[PDB]
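See structure below.
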Amino acid sequence: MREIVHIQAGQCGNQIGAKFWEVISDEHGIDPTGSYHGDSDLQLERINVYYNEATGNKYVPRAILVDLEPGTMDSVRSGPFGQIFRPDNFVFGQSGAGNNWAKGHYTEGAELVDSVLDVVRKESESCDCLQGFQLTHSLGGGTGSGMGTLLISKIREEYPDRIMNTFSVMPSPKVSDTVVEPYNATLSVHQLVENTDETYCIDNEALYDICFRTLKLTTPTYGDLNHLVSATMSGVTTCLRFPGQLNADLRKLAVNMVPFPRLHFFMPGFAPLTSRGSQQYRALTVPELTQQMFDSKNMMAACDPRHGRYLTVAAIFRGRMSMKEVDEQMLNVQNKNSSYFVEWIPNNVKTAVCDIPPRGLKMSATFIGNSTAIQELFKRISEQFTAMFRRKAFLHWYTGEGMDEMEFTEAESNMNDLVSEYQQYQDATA
Amino acid sequence: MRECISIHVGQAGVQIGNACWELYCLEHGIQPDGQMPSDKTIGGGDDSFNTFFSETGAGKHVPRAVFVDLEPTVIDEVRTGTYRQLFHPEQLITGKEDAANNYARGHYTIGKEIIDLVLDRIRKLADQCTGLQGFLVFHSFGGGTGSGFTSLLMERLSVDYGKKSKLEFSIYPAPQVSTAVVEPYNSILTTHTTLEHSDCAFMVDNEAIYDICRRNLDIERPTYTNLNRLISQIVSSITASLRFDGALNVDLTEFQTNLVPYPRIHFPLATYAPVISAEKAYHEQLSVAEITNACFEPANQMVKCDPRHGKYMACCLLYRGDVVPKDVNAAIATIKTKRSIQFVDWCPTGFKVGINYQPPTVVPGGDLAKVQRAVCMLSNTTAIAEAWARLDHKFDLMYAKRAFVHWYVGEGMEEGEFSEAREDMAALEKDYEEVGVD
Amino acid sequence: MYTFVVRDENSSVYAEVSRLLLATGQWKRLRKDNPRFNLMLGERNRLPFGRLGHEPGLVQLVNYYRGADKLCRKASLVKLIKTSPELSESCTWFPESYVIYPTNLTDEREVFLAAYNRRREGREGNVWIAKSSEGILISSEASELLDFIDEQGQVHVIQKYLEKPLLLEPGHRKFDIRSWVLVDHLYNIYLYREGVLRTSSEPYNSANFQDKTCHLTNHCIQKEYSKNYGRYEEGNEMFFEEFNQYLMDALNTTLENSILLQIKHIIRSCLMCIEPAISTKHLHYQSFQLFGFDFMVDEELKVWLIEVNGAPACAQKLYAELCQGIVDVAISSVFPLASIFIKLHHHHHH
Amino acid sequence: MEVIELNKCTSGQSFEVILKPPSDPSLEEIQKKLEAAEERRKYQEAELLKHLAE
Ligand SMILES: CCC1=C[C@@H]2CN(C1)Cc1c([nH]c3ccccc13)[C@@](C(=O)OC)(c1cc3c(cc1OC)N(C)[C@@H]1[C@@](O)(C(=O)OC)[C@H](OC(C)=O)[C@]4(CC)C=CCN5CC[C@]31[C@@H]54)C2
Ligand SMILES: Nc1nc2c(ncn2[C@@H]2O[C@H](COP(=O)(O)OP(=O)(O)OP(=O)(O)O)[C@@H](O)[C@H]2O)c(=O)[nH]1
Ligand SMILES: Nc1nc2c(ncn2[C@@H]2O[C@H](COP(=O)(O)OP(=O)(O)O)[C@@H](O)[C@H]2O)c(=O)[nH]1
Ligand SMILES: [Ca+2]
Ligand SMILES: [Ca+2]
Ligand SMILES: [Ca+2]
Ligand SMILES: [Cl-]
Ligand SMILES: [Mg+2]
Ligand SMILES: [Mg+2]
Ligand SMILES: [Mg+2]
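Protein sequence lines, in the order shown, are assigned to chains A, B, C and D.
Following my numbering, the numbering of the first sequence begins with 2 at its first residue and continues without gaps.
Following my numbering, the numbering of the second sequence begins with 1003 at its first residue and continues without gaps.
Following my numbering, the numbering of the third sequence begins with 2 at its first residue and continues without gaps.
Following my numbering, the numbering of the fourth sequence begins with 1392 at its first residue and continues without gaps.
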């Protein structure tokens, strides 16, 4: 289990997907040309997880760029690293999806999905040992949302024995004002709970709050938000890209993180939270990393950890530090807040340390929590969904593409069931 | 002379195997390229060290070892490491993707695609044996390969080598270094399916080794390297009698004879003294009496447990260094008047003692100091069942909620195997309590 | 913030210890199966000693000593005294006792009678009592209580009933002494300076021996089949201040000289005997335990140990002082926050 | 405390000290269990591939 195939879909999926590739290219010492120019050799040790080696020691990201409209990836070309991608891996249509899940899933996206699967096949065939897929998309629009989940469904049919992982951006009214985004997200969650193994819940609500209140950015942009997303995507994939013991491939992460198949929606956290311009002058201490990464203000999903219980936790420390201290502080958190870690999963927190830090930090920490409190996020989407659906408002945009009402009430039921299953384990005891 | 084959399964079995075989070479004066100047029968021989090493006409001494991992990266550094010319390429068997910490993945799913290959390469070693005694099997309880492939191999080895003995060295899981939440699941699954196929298993609780390295080697955060070199010392003390001239435990059957009166109760506790830091500037060498007494301190056991509150069924003292019997029996006389040592009624209160004059060989640049005398005690006490109760409690907690169980059902395993395995363990806990408690 | 779990909700003493720890603002009670505890106040039966001391990052303490039942169950005690060289059969403070199994299911029954008829050979006082680990019977013939044991289905002990006890006047009545001893994790032995005399309210009668209330000093049988319960002393409990004054006024001695010396001697002897079997000095977890020693004083002011109880209750006006001493001495010694005991130690040279 | 069966050699000694006298399934069944679980895998997979075909 080595190679991961990466897919980014829609506007958000390509934007955050592009910044991820910029960030981890730097960490591994690959430049826009695709050449290695790095100092350490930890950088190349597992570079084949995400990159294909090519012509004369050129590295090509094993990345597929999907959108139903072109300006998305004309903009990725224009980007810092735009020329590093394999040009035949740019798959795009002309019509857009009009923030319409149905157009992404059933009509416009159906027209384009087969040619995406051809690039997927050509990339999957060339893999010594494919471990599975990661998709970046938002859940509030049409392409990454509806065509993203159409893709996931078709990849699973063709590769049923491989891991499916998503980075899924949750919509929030603090950031966007399109009314139908709760419809699109609810239909999307329905797919995700059935066809992904692990989903990182990247809440725009939590991203907004972090940027607005904590970093005091009073006019937040998507660049401010995506700065927190690439730091998080970097942190959570550290264990896949560098040598190490814990959660070092997608499946072992899934076995450690997912006690029940449907409860595979993770709450990510990061410390220290930093602005794009900001160039902080003091490294954090290990006790500081530790308390910040668990602090509710550092979560990438707008959920209160103290309102639920942690089923499983993965923690990743990066930089040069005492492994003894990291151990001591991690043990401190559990023993000082033992109530918040379910007792019927012994030792459910696992800790990894990697010595290569992120660009611009000496010390950083990434949190991945499987907490029952993520139900608050699904509850928020669910309330916005039913406020419109009980009057069937704005449904014609969807029935006009062939969808029936029943499909909406089924997605709504599956999501309320998931919230219900989280409550179940929140109330379970030994 | 009768040969022993070592089988190293998974990361833990392989890395510990690297540690032992390195230690074996230093103890026998075998060089990294397999040349052994002191061996004067060239290209052959039947000395005691040929138990573990075969010979080539070129003078190469080759471990009777198979290394097996379902993924390649660990055995790859064996293919490229300091002892690369020691092992034949056909001894090092790798797959492509591992068991993902899943017993069922390594037993049923991936094991099936590699089991016959391993058996064939074990046969090729067996064909080189004029009189094979059996096998020493190194593996973790907690990984998917270490638990799940091992128990499949232990079933087939009983089929193909029905009268050969099989001994395990087993790494019992500890959260300070464990890598997966389901390690209690895998441990019980592999203990249940291996129980009947293992004559005598030496359990090493990673928690116990980890705290010995911390307390006595002054290692802040012990690595596997730290742990494996200490385990290798203990493994070497236990196998010294197969590899050197002596009269105690000279073949694999004597381990069972001397340590295992009851077949299911086949987990001797191992205790080792002394463990001394190499960077400890000034050090006062410990006497026979002092190291023998340390054999009865739980802080020196391979498994934390309290043998005061159980019963003994057999005890073996394995000395290395400047030890003579007179000092052993004085040390033993003093110790029994001071400590709680109660044997089961149907057994004699007594010790089997073995002395080897060469003191322990330390790896140069390791953490262990050279000492003049050392001892490894092998005691079959019922107290070790405490470790079973710990594992079983963790299991019950998780299984009651069926947590992670779908990962195993997903691989073809039935939910009933969980509860068959768990009631085998419940029977085992009750066997121990009948023997060791009134 | 220290953590603790409670697993013995029927314990008066540790109910009060739990309450005191909370009131410190520095102890949080977890729920009984949370493993991440500093302190376990454990159950009486099958305390899971095998699971303590395997939590990284937590010093763990428990309020019972594994193995201490060999002091605290009556058949075990007899076998302990008879077989341990430092206690011995040459032991002046334990009554002649014999462990006897029902015929129904080693045993000393026929070694019992050799001394019994030794007492009959000179027709010495040959009265004995048999008890279990209400539920008792005193006789003068082996046959009645011998069969009494077979009439029940578990091992019993038969021990010399002390025919000439010390009786307090006014009342000509029996009593026993309960002593509360705390053994900490360092195996320091702390005698609680307050003891109690559980007294009889009825005159001792030598002539007829199944008058259970005049012979059985136990608190339960006194406030039942006695009808003078509480006349002489409040709750049939005499305390040391009072009993000391009776000793000075009536006997011209003190409590310390005539009785406590022997009591301290017996407590240390018993507890140092078992120390190598139960000490937790180099263990991965640590233990402390409160014990209740029960003594009888005969007419010549000789003290006898009648038994040791591993889960004692306290006297009601004493609960507050004792359990606070527990927190001070046994708990906060290991878990410092932000005497009422006499330490029992003696190092004679020879 | 008796010392028994003492053996000496140039490498060392061994002996016994006594303080107190006394007071498998076939190649066939195995393969039958690997195939049974394998078909349980393929059934679970077929049901998924059926569901996805719907
Ligand atoms: C991450 C990318 C992004 C962030 C967000 C929206 N966009 C895209 C740019 C953007 C901002 N503004 C605009 C005015 C005209 C054109 C574009 C913009 C904004 C900004 O930088 O502003 C200075 C911003 C916007 C809002 C916002 C906060 C906010 O940044 C503090 N909310 C919570 C809005 C409100 O709905 C609301 O509830 O606030 C009480 C808001 O109504 C009011 C009374 O402000 C208001 C204000 C237009 C009205 C209704 C619905 N939308 C969405 C959220 C909300 C906004 C930043
Ligand atoms: N003492 C010691 N323990 C180890 C070592 N390697 C792994 N372990 C322990 O073994 C358990 C993990 O199992 P592994 O040996 O890594 O697993 P594996 O056999 O490779 O199986 P999979 O990777 O799941 O296919 C954990 O409890 C580890 O702490 C080692 O080198 N020394
Ligand atoms: N965090 C983040 N969210 C985005 C970005 N771009 C769009 N979104 C969000 O994604 C949703 C819109 O979906 P979008 O990706 O634009 O539509 P698509 O092109 O049809 O897939 C809204 O909830 C937006 O707030 C981005 O760059 N970062
Ligand atoms: Ca069209
Ligand atoms: Ca030779
Ligand atoms: Ca067999
Ligand atoms: Cl055979
Ligand atoms: Mg858009
Ligand atoms: Mg086609
Ligand atoms: Mg492995």
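Yeah, the Cβ is synthetic: ideal placement off N, Cα and C, and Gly gets one too.
CB contact below 8 Å: residue i versus chain C
i, result
"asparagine 257 of chain A", "no"
"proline 1224 of chain B", "no"
"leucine 247 of chain A", "no"
"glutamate 1185 of chain B", "no"
Backbone secondary structure at residue i - three-state DSSP
i, result
"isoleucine 275 of chain C", "coil"
"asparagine 371 of chain A", "strand"
"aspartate 9 of chain C", "coil"
"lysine 1432 of chain B", "helix"
"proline 1074 of chain B", "coil"
"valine 61 of chain A", "strand"
"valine 1365 of chain B", "coil"
"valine 1437 of chain B", "helix"
"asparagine 206 of chain C", "coil"
"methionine 258 of chain A", "helix"
Proximal chain D residues relative to residue i, where beta-carbon distance stays under 8 Å
i, result
"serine 154 of chain A", "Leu1443"
Cβ of residue i within 8 Å of any chain D Cβ
i, result
"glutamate 126 of chain A", "no"
"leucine 1250 of chain B", "yes"
"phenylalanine 1246 of chain B", "yes"
"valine 1161 of chain B", "yes"
Under 8 Å by beta carbon: chain B residues contacting residue i
i, result
"residue 1382 of chain D", "The structure shown does not extend to residue 1382 of chain D, since chain D spans only 1392 to 1445, so no value can be given for it."
"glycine 43 of chain C", "Going along chain B, no residue has its Cβ under 8 Å from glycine 43 of chain C, so there is no contact; the nearest lies around 15 Å."
Proximal residues of chain C, C-beta to C-beta of residue i below 8 Å
i, result
"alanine 1391 of chain B", "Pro49, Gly51 and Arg52"
"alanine 431 of chain A", "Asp34"
Residue i: contacting residues in chain C (beta-carbon distance under 9 Å)
i, result
"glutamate 326 of chain A", "Simply none; closest approach about 12 Å."
Chain B residues whose Cβ lies nearer than 9 Å to that of residue i
i, result
"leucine 1439 of chain D", "The premise fails here: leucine 1439 of chain D is roughly 11 Å from chain B at the closest Cβ pair, so nothing lies under 9 Å."
Interface partners of residue i on chain D, CB under 7 Å
i, result
"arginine 157 of chain A", "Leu1443"
"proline 161 of chain A", "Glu1436, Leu1439 and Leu1440"
Closer than 7 Å at the beta carbon, the chain B residues around residue i
i, result
"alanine 303 of chain A", "Simply none; closest approach about 27 Å."
Residue-chain proximity (residue i, chain B), Cβ-Cβ < 8 Å
i, result
"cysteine 240 of chain A", "no"
"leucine 284 of chain C", "yes"
"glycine 154 of chain C", "no"
"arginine 8 of chain C", "no"
"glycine 196 of chain C", "no"
"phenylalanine 261 of chain A", "yes"
Amino acids of chain C, ordered along the chain, whose beta-carbon sits closer than 7 Å to that of residue i
i, result
"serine 1342 of chain B", "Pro277 and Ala278"
"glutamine 335 of chain A", "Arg37"
"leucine 332 of chain A", "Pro57 and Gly58"
Proximal residues of chain D, C-beta to C-beta of residue i below 9 Å
i, result
"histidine 1199 of chain B", "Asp1415"
C-beta neighbour in chain A for residue i, strict 8 Å
i, result
"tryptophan 1409 of chain B", "yes"
"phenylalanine 1420 of chain B", "no"
Closer than 8 Å between beta carbons: that is the criterion. Which residues of the stretch 1167 to 1181 of chain B meet it against chain A? Cβ proximity to chain A below 8 Å picks out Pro1177, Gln1178, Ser1180 and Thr1181 from the stretch 1167 to 1181 of chain B.
For the stretch 1297 to 1314 of chain B, enumerate the residues whose C-beta is nearer than 8 Å to any C-beta of chain C, in chain order. Of all residues in the stretch 1297 to 1314 of chain B, those with a C-beta nearer than 8 Å to a C-beta of chain C are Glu1299, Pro1300, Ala1301, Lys1306, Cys1307, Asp1308, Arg1310 and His1311, reading in chain order.
In chain order, what residues have a CB nearer than 6 Å to some heavy atom of ligand 8? Counting only beta-carbon distances shorter than 6 Å to the non-hydrogen atoms of ligand 8, the qualifying residues in chain order are A/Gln12 and A/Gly142.
Give, in chain order, every residue of the stretch 339 to 357 of chain A whose Cβ lies closer than 8 Å to some Cβ of chain B. Taken in chain order, the members of the stretch 339 to 357 of chain A whose beta-carbon sits within less than 8 Å of a beta-carbon on chain B are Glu344, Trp345, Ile346, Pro347, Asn348, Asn349 and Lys351.
Closer than 7 Å, Cβ to Cβ, to anything on chain C: give me those residues from the stretch 1367 to 1401 of chain B, in chain order. Against chain C - using a Cβ distance shorter than 7 Å - the residues of the stretch 1367 to 1401 of chain B are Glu1388, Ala1391, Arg1392 and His1395.
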